[PDB]
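What follows is a single structure, written as structure tokens, with notes after it.
In PDB author numbering, the protein residues as written are 9 to 55.
As structure tokens, this is what we get:
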């Protein structure tokens, strides 16, 4: 099973972004935001 964290590496988003995402999303770029949302479902884990 994959993890939302692993995805960040693939999209080179940021360890802080996905980390704070569950706390207060405000560091993810609009473009990277849409890509993550889609990539989040693929792994089955959206949180």
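Every residue, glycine too, gets a C-beta built ideally from N, C-alpha and C.
Between the C-alpha atoms of residue 31 and residue 24 there is a straight-line separation of about 10 Å. Looking at 9, 10, 17, the one whose alpha-carbon comes closest to that of residue 40 is 17. Each residue's CA atom was taken as its position, placing residue 37 and residue 21 some 9 Å apart. Following the DSSP letters along the chain, one finds residue 23 inside the alpha helix (DSSP H) bounded by residues 23–29.
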